[PDB]
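Visitor: First the structure, which I've put down as structure tokens, then a few questions once you've had a look.
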Amino acid sequence: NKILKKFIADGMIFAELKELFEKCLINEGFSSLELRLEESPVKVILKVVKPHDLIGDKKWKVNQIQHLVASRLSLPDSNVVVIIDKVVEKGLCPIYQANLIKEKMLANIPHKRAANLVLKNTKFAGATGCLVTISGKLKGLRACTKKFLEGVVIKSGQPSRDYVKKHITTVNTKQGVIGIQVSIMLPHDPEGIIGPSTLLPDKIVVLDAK
Amino acid sequence: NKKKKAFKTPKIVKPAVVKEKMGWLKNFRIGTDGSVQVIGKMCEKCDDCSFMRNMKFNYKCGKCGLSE
Amino acid sequence: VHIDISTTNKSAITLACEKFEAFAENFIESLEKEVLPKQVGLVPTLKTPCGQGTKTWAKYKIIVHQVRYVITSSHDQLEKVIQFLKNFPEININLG
Amino acid sequence: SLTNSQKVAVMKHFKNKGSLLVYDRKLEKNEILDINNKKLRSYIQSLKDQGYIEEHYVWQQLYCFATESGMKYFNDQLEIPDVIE
RNA sequence: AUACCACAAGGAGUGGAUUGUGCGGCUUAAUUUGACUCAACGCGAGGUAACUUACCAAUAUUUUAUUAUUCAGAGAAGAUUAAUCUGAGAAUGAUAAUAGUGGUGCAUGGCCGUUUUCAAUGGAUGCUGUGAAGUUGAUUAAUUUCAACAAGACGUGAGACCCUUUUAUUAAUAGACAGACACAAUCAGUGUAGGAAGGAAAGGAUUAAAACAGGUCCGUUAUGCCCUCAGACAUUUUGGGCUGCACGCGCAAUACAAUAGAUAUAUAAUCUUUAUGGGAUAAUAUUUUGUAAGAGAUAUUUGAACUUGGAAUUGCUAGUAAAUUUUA
Ligand SMILES: [Mg+2]
Ligand SMILES: [Mg+2]
Ligand SMILES: [Mg+2]
Ligand SMILES: [Mg+2]
Ligand SMILES: [Mg+2]
Ligand SMILES: [Mg+2]
Ligand SMILES: [Mg+2]
Ligand SMILES: [Mg+2]
Ligand SMILES: [Mg+2]
Ligand SMILES: [Mg+2]
Ligand SMILES: [Mg+2]
């Protein structure tokens with residue numbers, strides 16, 4: 001009963017520390033975060049798409065974040081080590097692909113143009129299919145929704161959970177708020193670097209007689 | 001549909017702020033020789049600057065609150 | 001020397017076993033393997049943020065796996081393995 | 001409406017680390033530097049209108065980052081023109 | 001065609017009494033408010049007192065910037081309990097930020113519910129037409145698999161997959177497949193036999209396109225417009241409310257008794273042989289929690305209606321209904 005109580009408390013730290021990166025790191029486009037807590041330097045690891053801006057400049061962003069994470073957790077400074085890495089493929093990260101729509105919609109480019117660009121990137125990346133939905137006040141007083149489907153996508157059961165990546169972002173505008181949803185279906189690779197290693201249970205291949 | 005509360009009673013007045021002029025100079029006396037005659041009492045931890053607040057049964061410090 | 005393994009997924013506690021069983025039993029000292037049954041937390045909650053529609057409930061869960069070793073050894077024979085066999089996601093609180 | 005003694009206690013912390021953690025308790029004092037917590041937040045809110053620091057509020061906590069216009073201004077405040085040793 | 005949110009064969013109810021709760025009206029200074037066939041009414045995880053709290057009766061305290069004017073170290077604005085420290089901004093304007101459980105879910109996002117124990121849906125090749133366009137029988141929970149066919153192949157949804165119980169044993173692995181035989185074809189369906197388990201092994205979870213002016217601004221540092229600006233439509237303190245009483249309705253707990261009640265050694269023994277069934281309401285006394293009891297607990301007394309309920313209507317096919325117990 002006591003060992004269950006500890007694992008809950010470190011996760012509420014994780015929920016608060018995730019939404020800081022969604023507010024502070026729009027410029028460089030983080031992909032994820034990972035926290036290691038059971039070592040003497042407790043490890044914060046960040047996967048950002050553009051790490052060459054940070055270590056090339058050597059700004060305070062490596063250090064200002066380092067002071068906050070220890071003072072939040074009441075640990076003294078120089079007890080946390082922050083490690084920065086790259087992201088492998090920019091097309092498969094739906095947080096970066098949805099962030100680009102937040103930039104493009106602010107320059108008054110219409111939504112049919114902005115949705116048509118994000119489908120072309122993942123076709124070069126190699127994903128099998130995507131799904132972008134736009135919803136809200138698009139043309140006046142009444143609201144509607146438009147979805148733009150490319151490729152194939154599976155949305156049922158547990159093997160759906162290994163093969164999709166979705167995210168919800170919103171854009172504020174001068175009249176109303178517009179919701180933005182993006183899904184990305186990851187392709188198979190048995191290396192494990194790019195996608196899930198295991199295979200689909202529907203597809204059954206038969207060895208030749210030889 | 002909340003509205004302003006109209007009170008049939010007027011406002012109860014607040015006491016006005018006072019400040020005594022040259023209150024710090026009262027603690028010293030000036031002789032005709034030009035020397036200073038000190039009458040107020042300085043607390044033992046803070047003998048250099050601060051004066052003790054003169055009450056009838058108590059002597060009070062404004063910095064440390066030492067009571068005598 | 002009671003030492004325990006506490007995890008969140010099955011796959012991490014498996015690869016730590018055959019790495020530890022070959023290194024600790026075959027080389028220096030004996031040991032005992034002990035796996036504890038799982039402990040489950042249940043938070044039954046109502047779905048909608050309203051009281052209008054048909055009232056449905058959902059049950060969330062979180063599982064903890066426990067495998068404990070009971071070893072009696074010399075001093076540095078177990079403590080060299082803590083520095084050597086520290087794996088990445090799992091916790092291993094060692095009680096000497 | 002803060003004193004000059006504690007206002008330099010704020011600017012000295014921004015030159016070293018550049019970041020500051022403020023909680024949202026309305027009757028407390030900060031442990032790092034002793035200011036009443038409602039007055040300290042109103043001090044940071046007046047710094048934003050000069051543009052020197054940007055803020056982030058999530059999960060009942062404040063996370064503030066100064067900018068290049070602030071880090072230019074803050075080390076210039078404590079600057080001594082000449083030092084003779 | 002199909003179905004226990006439809007009948008049929010059956011069985012326990014509800015509607016008739018008492019009480020606990022939610023809705024309507026009414027009353028008052030206030031009895032805060034959303035929802036109204038399935039798809040509102042033990043619903044907002046809304047359980048009895050201060051907070052919660054949006055209502056009434058009273059008290060006390062105040063975020064920022066640009067700029068205009070008057071002050072202000074011959075001490076602004078503060079803290080303390082008239083005299084003691086610390087000490088540099090303040091007061092009224094105007095724009096622009098900040099705040100509101102104040103209005104609009106017929107201005108929005110997100111999260112939901114209902115259709116839905118519904119099964120359909122998209123390119124490409126060929127064929128028909130100038131063109132928009134188009135491609136019967138059996139069986140299955142399922143356009144789920146067959147047969148004939150100007151159609152021949154594919155993809156999505158369903159299925160496959162995942163979690164719990166059961167047999168075994170290295171505890172993470174085997175074990176079930178309609179396998180076997182019979183019932184004239186393929187796809188099926190039924191019966192017997194062996195087995196822990198025989199027909200989706202049993203039960204859940206996940207979950208298409210599309211629709212509703214369905215609910216949610218009183219969950220949110222989600223938001224547009226509008227309204228309010230310092231005894232503020234802000235926030236704090238003390239009492240009173242949300243629970244009141246002529247009256248209509250829905251969901252539930254005990255009862256109308258010998259297939260029972262008290263006592264007990266729980267079949268030692270005994271008693272009640274029809275109101276010793278039934279417990280509402282109320283008094284006196286001891287006592288628990290709380291800043292604060294018409295709140296919970298104990299002894300004795302008082303002992304209501306009630307003897308199986310009009311028209312009508314809900315659920316249910318196996319360890320199911322029904323009855324008695326049990327943690328969070
Ligand atoms: Mg599928
Ligand atoms: Mg399925
Ligand atoms: Mg009745
Ligand atoms: Mg109250
Ligand atoms: Mg609001
Ligand atoms: Mg609506
Ligand atoms: Mg409506
Ligand atoms: Mg007010
Ligand atoms: Mg108010
Ligand atoms: Mg019940
Ligand atoms: Mg009786």
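By convention in this document, the chains of the structure tokens carry letters A, B, ... by their order, each chain's residues are numbered from 1, and ligands are numbered from 1 in the order they are shown.
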When the cut-off is 12 Å and we count only C-alpha atoms, which residues of chain A are near chain D, given as a ChimeraX atom specification?
Guide: /A:12-25,59-74,76-77
Visitor: So that I have them on file, write out the residues from the current selection with N, CA and C atoms, as a short mmCIF file (atom, residue, chain, number, x, y, z; two decimals), in the first residue's frame.
Guide:
data_model
loop_
_atom_site.label_atom_id
_atom_site.label_comp_id
_atom_site.auth_asym_id
_atom_site.auth_seq_id
_atom_site.Cartn_x
_atom_site.Cartn_y
_atom_site.Cartn_z
N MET A 12 2.55 13.04 -10.72
CA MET A 12 1.95 14.37 -10.68
C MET A 12 2.99 15.44 -10.91
N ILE A 13 4.25 15.14 -10.59
CA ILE A 13 5.37 15.98 -11.01
C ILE A 13 5.50 15.95 -12.52
N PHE A 14 5.27 14.78 -13.12
CA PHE A 14 5.45 14.62 -14.56
C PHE A 14 4.37 15.36 -15.35
N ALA A 15 3.15 15.43 -14.80
CA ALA A 15 2.07 16.11 -15.50
C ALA A 15 2.29 17.62 -15.51
N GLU A 16 2.84 18.15 -14.43
CA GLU A 16 3.10 19.58 -14.34
C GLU A 16 4.31 19.97 -15.18
N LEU A 17 5.30 19.08 -15.27
CA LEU A 17 6.54 19.41 -15.97
C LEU A 17 6.40 19.23 -17.48
N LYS A 18 5.35 18.54 -17.92
CA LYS A 18 5.13 18.40 -19.36
C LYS A 18 4.53 19.67 -19.95
N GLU A 19 3.56 20.27 -19.25
CA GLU A 19 2.85 21.41 -19.82
C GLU A 19 3.68 22.69 -19.74
N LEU A 20 4.82 22.65 -19.05
CA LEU A 20 5.76 23.76 -19.12
C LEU A 20 6.47 23.78 -20.46
N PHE A 21 6.78 22.60 -21.01
CA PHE A 21 7.51 22.53 -22.27
C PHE A 21 6.60 22.85 -23.44
N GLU A 22 5.29 22.68 -23.26
CA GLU A 22 4.33 23.05 -24.29
C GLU A 22 4.09 24.55 -24.30
N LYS A 23 4.55 25.25 -23.27
CA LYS A 23 4.39 26.70 -23.25
C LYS A 23 5.72 27.41 -23.52
N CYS A 24 6.84 26.78 -23.19
CA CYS A 24 8.11 27.51 -23.20
C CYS A 24 8.94 27.20 -24.44
N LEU A 25 8.75 26.03 -25.05
CA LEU A 25 9.62 25.55 -26.12
C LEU A 25 8.91 25.45 -27.46
N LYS A 59 23.09 29.72 -24.47
CA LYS A 59 22.29 30.72 -23.80
C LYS A 59 22.01 30.30 -22.36
N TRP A 60 21.06 31.01 -21.74
CA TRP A 60 20.68 30.68 -20.37
C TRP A 60 19.61 29.60 -20.33
N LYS A 61 19.07 29.21 -21.48
CA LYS A 61 17.95 28.27 -21.51
C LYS A 61 18.36 26.88 -21.04
N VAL A 62 19.63 26.54 -21.19
CA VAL A 62 20.14 25.31 -20.59
C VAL A 62 20.24 25.46 -19.07
N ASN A 63 20.42 26.70 -18.61
CA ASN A 63 20.73 26.93 -17.20
C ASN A 63 19.53 27.45 -16.43
N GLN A 64 18.71 28.30 -17.07
CA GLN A 64 17.52 28.84 -16.41
C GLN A 64 16.51 27.75 -16.10
N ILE A 65 16.39 26.77 -17.00
CA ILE A 65 15.52 25.63 -16.77
C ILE A 65 16.10 24.74 -15.68
N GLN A 66 17.43 24.69 -15.60
CA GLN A 66 18.11 23.82 -14.64
C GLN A 66 17.91 24.31 -13.21
N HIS A 67 17.78 25.62 -13.02
CA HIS A 67 17.52 26.16 -11.69
C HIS A 67 16.08 25.91 -11.27
N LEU A 68 15.15 25.96 -12.22
CA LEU A 68 13.73 25.85 -11.88
C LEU A 68 13.36 24.42 -11.50
N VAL A 69 13.97 23.43 -12.16
CA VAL A 69 13.55 22.04 -11.98
C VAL A 69 13.99 21.52 -10.61
N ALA A 70 15.09 22.05 -10.08
CA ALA A 70 15.55 21.64 -8.76
C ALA A 70 14.83 22.43 -7.67
N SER A 71 14.54 23.71 -7.93
CA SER A 71 13.85 24.52 -6.94
C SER A 71 12.37 24.16 -6.85
N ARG A 72 11.80 23.62 -7.93
CA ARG A 72 10.46 23.06 -7.85
C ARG A 72 10.46 21.79 -7.01
N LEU A 73 11.42 20.91 -7.24
CA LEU A 73 11.48 19.66 -6.51
C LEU A 73 12.19 19.78 -5.17
N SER A 74 12.51 21.01 -4.74
CA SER A 74 13.21 21.39 -3.51
C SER A 74 14.59 20.76 -3.37
N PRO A 76 18.73 20.89 -4.15
CA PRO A 76 19.68 21.97 -4.42
C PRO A 76 20.18 21.93 -5.85
N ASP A 77 20.73 23.06 -6.29
CA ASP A 77 21.26 23.18 -7.64
C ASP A 77 22.55 22.37 -7.78
#
Visitor: Quick one: pick out all strand (DSSP E or B) residues within segment 4-60 of chain B from a backbone DSSP run and write them as JSON, numbers by chain.
Guide: {"B": [28, 29, 30, 36, 37, 38, 52, 53, 54, 59, 60]}
Visitor: Would you list the residues that come within 10 Å of ligand 8? Count only C-alpha atoms (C1' of nucleotides) and all ligand atoms and give the answer as number ranges by chain.
Guide: B: 4-5; E: 230-236
Visitor: List all protein, DNA and RNA residues that have at least one atom no more than 12 Å from any atom of ligand 2, counting only C-alpha atoms (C1' of nucleotides) and all ligand atoms, and write them as an MDAnalysis selection string.
Guide: (chainID A and resid 154:160 202) or (chainID E and resid 157:162 205:208)
Visitor: When you look at residue 52 of chain B with a cut-off of 12 Å (counting only C-alpha atoms (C1' of nucleotides)), what residues show up, excluding the ones that are within fewer than 5 positions of it in the same chain? I need them as a ChimeraX atom specification.
Guide: /B:27,39-47,58-68 /E:83-85
Visitor: Within 12 Å of ligand 3, counting only C-alpha atoms (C1' of nucleotides) and all ligand atoms: which residues, as a list in words?
Guide: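 Protein and nucleic-acid residues within 12 Å of ligand 3: residues 13, 14, 15, 16, 17, 18, 19, 249, 250, 251, 252 and 309 of chain E.
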Visitor: Kindly compile the residues surrounding ligand 5 within 12 Å, counting only C-alpha atoms (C1' of nucleotides) and all ligand atoms, and format them as a PyMOL selection string.
Guide: chain E and resi 99-102+217-223
Visitor: Export, as a PDB file, in the first residue's frame, the selected residues with N, CA and C atoms (P, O5', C5', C4', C3', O3' and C1' of nucleotides).
Guide:
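And here is the file that came out, result.pdb:
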ATOM      1  P     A E  99      -7.484  38.208 -15.295  1.00  0.00           P
ATOM      2  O5'   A E  99      -8.479  38.727 -14.158  1.00  0.00           O
ATOM      3  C5'   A E  99      -8.289  38.366 -12.796  1.00  0.00           C
ATOM      4  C4'   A E  99      -9.392  38.896 -11.910  1.00  0.00           C
ATOM      5  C3'   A E  99     -10.782  38.323 -12.148  1.00  0.00           C
ATOM      6  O3'   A E  99     -10.972  37.091 -11.469  1.00  0.00           O
ATOM      7  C1'   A E  99     -10.897  40.689 -11.953  1.00  0.00           C
ATOM      8  P     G E 100     -11.996  35.987 -12.031  1.00  0.00           P
ATOM      9  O5'   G E 100     -13.432  36.636 -11.811  1.00  0.00           O
ATOM     10  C5'   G E 100     -14.060  36.621 -10.538  1.00  0.00           C
ATOM     11  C4'   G E 100     -15.517  36.975 -10.668  1.00  0.00           C
ATOM     12  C3'   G E 100     -16.276  36.180 -11.721  1.00  0.00           C
ATOM     13  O3'   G E 100     -16.830  35.004 -11.168  1.00  0.00           O
ATOM     14  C1'   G E 100     -16.681  38.505 -12.003  1.00  0.00           C
ATOM     15  P     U E 101     -16.253  33.564 -11.553  1.00  0.00           P
ATOM     16  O5'   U E 101     -17.560  32.658 -11.601  1.00  0.00           O
ATOM     17  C5'   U E 101     -18.694  33.076 -12.354  1.00  0.00           C
ATOM     18  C4'   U E 101     -20.003  32.853 -11.630  1.00  0.00           C
ATOM     19  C3'   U E 101     -20.148  33.508 -10.256  1.00  0.00           C
ATOM     20  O3'   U E 101     -21.500  33.936 -10.095  1.00  0.00           O
ATOM     21  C1'   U E 101     -20.482  31.184 -10.060  1.00  0.00           C
ATOM     22  P     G E 102     -21.833  35.358  -9.423  1.00  0.00           P
ATOM     23  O5'   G E 102     -22.332  36.260 -10.638  1.00  0.00           O
ATOM     24  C5'   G E 102     -22.959  35.684 -11.775  1.00  0.00           C
ATOM     25  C4'   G E 102     -23.775  36.699 -12.541  1.00  0.00           C
ATOM     26  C3'   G E 102     -24.155  36.305 -13.960  1.00  0.00           C
ATOM     27  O3'   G E 102     -25.301  35.475 -14.009  1.00  0.00           O
ATOM     28  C1'   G E 102     -23.289  38.503 -13.960  1.00  0.00           C
ATOM     29  P     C E 217     -23.588  25.863 -18.355  1.00  0.00           P
ATOM     30  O5'   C E 217     -22.335  26.837 -18.282  1.00  0.00           O
ATOM     31  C5'   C E 217     -21.271  26.719 -19.216  1.00  0.00           C
ATOM     32  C4'   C E 217     -20.239  27.795 -19.020  1.00  0.00           C
ATOM     33  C3'   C E 217     -20.712  28.996 -18.204  1.00  0.00           C
ATOM     34  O3'   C E 217     -19.644  29.507 -17.411  1.00  0.00           O
ATOM     35  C1'   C E 217     -20.076  29.701 -20.376  1.00  0.00           C
ATOM     36  P     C E 218     -19.954  30.125 -15.962  1.00  0.00           P
ATOM     37  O5'   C E 218     -20.299  28.858 -15.059  1.00  0.00           O
ATOM     38  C5'   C E 218     -19.403  28.433 -14.038  1.00  0.00           C
ATOM     39  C4'   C E 218     -19.979  27.340 -13.166  1.00  0.00           C
ATOM     40  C3'   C E 218     -20.850  26.291 -13.864  1.00  0.00           C
ATOM     41  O3'   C E 218     -20.584  25.011 -13.295  1.00  0.00           O
ATOM     42  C1'   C E 218     -22.034  27.242 -12.062  1.00  0.00           C
ATOM     43  P     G E 219     -19.955  23.832 -14.185  1.00  0.00           P
ATOM     44  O5'   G E 219     -18.402  23.892 -13.855  1.00  0.00           O
ATOM     45  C5'   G E 219     -17.946  24.046 -12.520  1.00  0.00           C
ATOM     46  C4'   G E 219     -16.447  23.935 -12.445  1.00  0.00           C
ATOM     47  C3'   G E 219     -15.678  24.808 -13.423  1.00  0.00           C
ATOM     48  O3'   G E 219     -15.481  26.122 -12.933  1.00  0.00           O
ATOM     49  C1'   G E 219     -14.861  22.597 -13.532  1.00  0.00           C
ATOM     50  P     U E 220     -15.294  27.348 -13.949  1.00  0.00           P
ATOM     51  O5'   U E 220     -13.800  27.188 -14.486  1.00  0.00           O
ATOM     52  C5'   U E 220     -12.692  27.348 -13.613  1.00  0.00           C
ATOM     53  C4'   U E 220     -11.410  26.852 -14.238  1.00  0.00           C
ATOM     54  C3'   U E 220     -10.950  27.572 -15.494  1.00  0.00           C
ATOM     55  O3'   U E 220     -10.224  28.750 -15.200  1.00  0.00           O
ATOM     56  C1'   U E 220     -10.780  25.221 -15.792  1.00  0.00           C
ATOM     57  P     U E 221     -10.944  30.182 -15.182  1.00  0.00           P
ATOM     58  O5'   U E 221      -9.738  31.202 -15.361  1.00  0.00           O
ATOM     59  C5'   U E 221      -8.411  30.814 -15.026  1.00  0.00           C
ATOM     60  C4'   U E 221      -7.526  30.766 -16.247  1.00  0.00           C
ATOM     61  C3'   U E 221      -6.726  29.476 -16.426  1.00  0.00           C
ATOM     62  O3'   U E 221      -6.621  29.161 -17.815  1.00  0.00           O
ATOM     63  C1'   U E 221      -5.249  31.317 -16.263  1.00  0.00           C
ATOM     64  P     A E 222      -6.453  27.633 -18.293  1.00  0.00           P
ATOM     65  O5'   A E 222      -7.541  27.453 -19.441  1.00  0.00           O
ATOM     66  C5'   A E 222      -8.348  28.541 -19.856  1.00  0.00           C
ATOM     67  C4'   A E 222      -8.633  28.485 -21.334  1.00  0.00           C
ATOM     68  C3'   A E 222      -9.312  29.705 -21.927  1.00  0.00           C
ATOM     69  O3'   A E 222      -8.413  30.771 -22.161  1.00  0.00           O
ATOM     70  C1'   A E 222     -10.342  27.742 -22.750  1.00  0.00           C
ATOM     71  P     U E 223      -8.802  32.261 -21.712  1.00  0.00           P
ATOM     72  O5'   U E 223      -9.689  32.805 -22.915  1.00  0.00           O
ATOM     73  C5'   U E 223      -9.190  32.802 -24.242  1.00  0.00           C
ATOM     74  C4'   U E 223     -10.311  32.818 -25.247  1.00  0.00           C
ATOM     75  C3'   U E 223     -11.237  34.020 -25.187  1.00  0.00           C
ATOM     76  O3'   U E 223     -10.714  35.161 -25.845  1.00  0.00           O
ATOM     77  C1'   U E 223     -12.514  32.031 -25.351  1.00  0.00           C
TER      78        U E 223
END
Visitor: Env of segment 104-121 of chain E: 7 Å cut, atoms = only C-alpha atoms (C1' of nucleotides), seq-sep filter 2 positions within chain, self excluded. Answer as a PDB file with N, CA and C atoms (P, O5', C5', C4', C3', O3' and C1' of nucleotides), in the first residue's frame.
Guide:
ATOM      1  N   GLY A 136     -14.658  24.786 -36.237  1.00  0.00           N
ATOM      2  CA  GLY A 136     -14.981  26.022 -35.567  1.00  0.00           C
ATOM      3  C   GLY A 136     -15.624  27.003 -36.519  1.00  0.00           C
ATOM      4  N   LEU A 141     -21.039  33.243 -38.871  1.00  0.00           N
ATOM      5  CA  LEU A 141     -21.806  33.064 -37.633  1.00  0.00           C
ATOM      6  C   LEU A 141     -21.912  31.567 -37.344  1.00  0.00           C
ATOM      7  N   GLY A 176     -13.624  34.022 -31.667  1.00  0.00           N
ATOM      8  CA  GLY A 176     -13.753  32.617 -31.344  1.00  0.00           C
ATOM      9  C   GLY A 176     -12.438  31.863 -31.368  1.00  0.00           C
ATOM     10  N   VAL A 177     -12.505  30.627 -30.884  1.00  0.00           N
ATOM     11  CA  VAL A 177     -11.363  29.727 -30.830  1.00  0.00           C
ATOM     12  C   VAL A 177     -11.609  28.592 -31.811  1.00  0.00           C
ATOM     13  N   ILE A 178     -10.558  28.191 -32.517  1.00  0.00           N
ATOM     14  CA  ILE A 178     -10.623  27.160 -33.543  1.00  0.00           C
ATOM     15  C   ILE A 178      -9.772  25.983 -33.090  1.00  0.00           C
ATOM     16  N   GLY A 179     -10.365  24.792 -33.075  1.00  0.00           N
ATOM     17  CA  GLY A 179      -9.674  23.588 -32.650  1.00  0.00           C
ATOM     18  C   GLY A 179      -8.976  22.922 -33.821  1.00  0.00           C
TER      19      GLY A 179
ATOM     20  N   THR C  48     -19.107  11.806 -17.848  1.00  0.00           N
ATOM     21  CA  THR C  48     -19.455  13.138 -18.341  1.00  0.00           C
ATOM     22  C   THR C  48     -19.221  14.198 -17.282  1.00  0.00           C
ATOM     23  N   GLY C  53     -27.023  13.248 -19.408  1.00  0.00           N
ATOM     24  CA  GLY C  53     -27.221  12.048 -20.214  1.00  0.00           C
ATOM     25  C   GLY C  53     -27.283  10.786 -19.382  1.00  0.00           C
ATOM     26  N   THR C  54     -27.160   9.644 -20.052  1.00  0.00           N
ATOM     27  CA  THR C  54     -27.206   8.339 -19.407  1.00  0.00           C
ATOM     28  C   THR C  54     -25.913   8.133 -18.629  1.00  0.00           C
TER      29      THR C  54
ATOM     30  P     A E  39     -33.559   5.994 -22.282  1.00  0.00           P
ATOM     31  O5'   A E  39     -33.368   7.549 -22.551  1.00  0.00           O
ATOM     32  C5'   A E  39     -32.215   8.241 -22.077  1.00  0.00           C
ATOM     33  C4'   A E  39     -32.188   9.695 -22.502  1.00  0.00           C
ATOM     34  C3'   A E  39     -33.312  10.577 -21.963  1.00  0.00           C
ATOM     35  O3'   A E  39     -32.835  11.916 -21.812  1.00  0.00           O
ATOM     36  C1'   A E  39     -33.404  10.537 -24.322  1.00  0.00           C
ATOM     37  P     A E 209     -16.270   8.082 -37.683  1.00  0.00           P
ATOM     38  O5'   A E 209     -16.898   8.356 -39.118  1.00  0.00           O
ATOM     39  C5'   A E 209     -16.077   8.423 -40.273  1.00  0.00           C
ATOM     40  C4'   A E 209     -16.912   8.430 -41.526  1.00  0.00           C
ATOM     41  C3'   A E 209     -17.996   9.494 -41.579  1.00  0.00           C
ATOM     42  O3'   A E 209     -17.513  10.748 -42.019  1.00  0.00           O
ATOM     43  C1'   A E 209     -18.938   7.413 -42.119  1.00  0.00           C
ATOM     44  P     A E 213     -32.703  19.485 -33.838  1.00  0.00           P
ATOM     45  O5'   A E 213     -32.240  20.865 -33.197  1.00  0.00           O
ATOM     46  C5'   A E 213     -31.562  21.854 -33.966  1.00  0.00           C
ATOM     47  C4'   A E 213     -30.284  22.278 -33.286  1.00  0.00           C
ATOM     48  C3'   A E 213     -30.448  22.775 -31.851  1.00  0.00           C
ATOM     49  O3'   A E 213     -29.315  22.383 -31.082  1.00  0.00           O
ATOM     50  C1'   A E 213     -29.449  24.463 -33.162  1.00  0.00           C
ATOM     51  P     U E 216     -27.500  23.231 -20.530  1.00  0.00           P
ATOM     52  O5'   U E 216     -25.938  23.129 -20.238  1.00  0.00           O
ATOM     53  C5'   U E 216     -25.459  22.550 -19.034  1.00  0.00           C
ATOM     54  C4'   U E 216     -23.970  22.323 -19.083  1.00  0.00           C
ATOM     55  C3'   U E 216     -23.128  23.529 -19.448  1.00  0.00           C
ATOM     56  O3'   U E 216     -22.931  24.399 -18.351  1.00  0.00           O
ATOM     57  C1'   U E 216     -22.356  21.618 -20.622  1.00  0.00           C
TER      58        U E 216
END
Visitor: Do me a favour and pick out the residues of chain C within 8 Å of chain E, using only C-alpha atoms (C1' of nucleotides), as a PyMOL selection string.
Guide: chain C and resi 45-54
Visitor: As a PyMOL selection string, which residues of chain D does DSSP assign to alpha helix (DSSP H)?
Guide: chain D and resi 4-16+37-47+68-77
Visitor: I need the chosen residues saved as a short mmCIF file (atom, residue, chain, number, x, y, z; two decimals), in the first residue's frame, with C-alpha atoms.
Guide:
data_model
loop_
_atom_site.label_atom_id
_atom_site.label_comp_id
_atom_site.auth_asym_id
_atom_site.auth_seq_id
_atom_site.Cartn_x
_atom_site.Cartn_y
_atom_site.Cartn_z
CA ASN D 4 14.99 49.49 -1.98
CA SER D 5 16.65 46.85 0.22
CA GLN D 6 14.47 44.00 -1.00
CA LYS D 7 14.20 45.33 -4.56
CA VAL D 8 17.94 44.76 -4.94
CA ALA D 9 17.40 41.36 -3.33
CA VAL D 10 15.29 40.53 -6.39
CA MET D 11 17.67 41.91 -9.03
CA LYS D 12 20.68 40.12 -7.53
CA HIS D 13 18.98 36.76 -8.01
CA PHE D 14 18.19 37.48 -11.67
CA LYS D 15 21.81 38.16 -12.60
CA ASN D 16 23.09 34.81 -11.33
CA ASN D 37 3.94 36.79 -1.57
CA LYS D 38 1.13 39.06 -2.77
CA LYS D 39 3.51 42.02 -2.92
CA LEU D 40 6.22 40.03 -4.73
CA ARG D 41 3.84 38.94 -7.50
CA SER D 42 2.71 42.54 -8.04
CA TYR D 43 6.38 43.46 -8.39
CA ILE D 44 6.88 40.94 -11.21
CA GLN D 45 3.71 42.13 -12.93
CA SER D 46 5.14 45.66 -13.09
CA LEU D 47 8.35 44.30 -14.62
CA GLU D 68 17.75 39.86 -23.44
CA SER D 69 16.29 43.31 -22.75
CA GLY D 70 16.11 42.41 -19.07
CA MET D 71 19.49 40.69 -18.78
CA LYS D 72 21.02 43.76 -20.42
CA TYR D 73 19.23 45.98 -17.92
CA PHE D 74 19.79 43.99 -14.73
CA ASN D 75 23.58 43.61 -14.75
CA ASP D 76 23.83 47.27 -15.77
CA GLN D 77 22.01 48.28 -12.58
#
Visitor: Using only C-alpha atoms, find the residues of chain A whose closest atom to chain C is at most 10 Å away, then write them as a PyMOL selection string.
Guide: chain A and resi 1+3-4+7-8+35-39
Visitor: Point out the residue among A:10, A:131, A:175, A:104 with the least atom-to-atom distance to residue 143 of chain A, counting only C-alpha atoms.
Guide: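 Closest to residue 143 of chain A, using only C-alpha atoms: A:175.
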Visitor: List all protein, DNA and RNA residues that have at least one atom no more than 8 Å from any atom of ligand 4, counting only C-alpha atoms (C1' of nucleotides) and all ligand atoms, and write them as a ChimeraX atom specification.
Guide: /E:50-53,241
Visitor: Excluding segment 30-38 of chain C and its own-chain neighbours fewer than 5 positions away, which residues fall within 6 Å of it when counting only C-alpha atoms (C1' of nucleotides)? Please give them as an mmCIF file with C-alpha atoms, in the first residue's frame.
Guide:
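Final output, around.cif:
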data_model
loop_
_atom_site.group_PDB
_atom_site.id
_atom_site.type_symbol
_atom_site.label_atom_id
_atom_site.label_comp_id
_atom_site.auth_asym_id
_atom_site.auth_seq_id
_atom_site.Cartn_x
_atom_site.Cartn_y
_atom_site.Cartn_z
ATOM 1 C CA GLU C 25 24.431 -17.294 -8.517
ATOM 2 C CA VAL C 64 2.924 -2.826 -9.700
ATOM 3 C CA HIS C 65 5.086 -5.927 -10.187
ATOM 4 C CA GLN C 66 7.187 -7.131 -7.245
ATOM 5 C CA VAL C 67 10.073 -9.620 -7.342
ATOM 6 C CA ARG C 68 12.263 -9.946 -4.241
ATOM 7 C CA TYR C 69 15.651 -11.608 -3.717
ATOM 8 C CA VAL C 70 16.849 -12.890 -0.333
ATOM 9 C CA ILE C 71 20.654 -13.137 -0.327
#
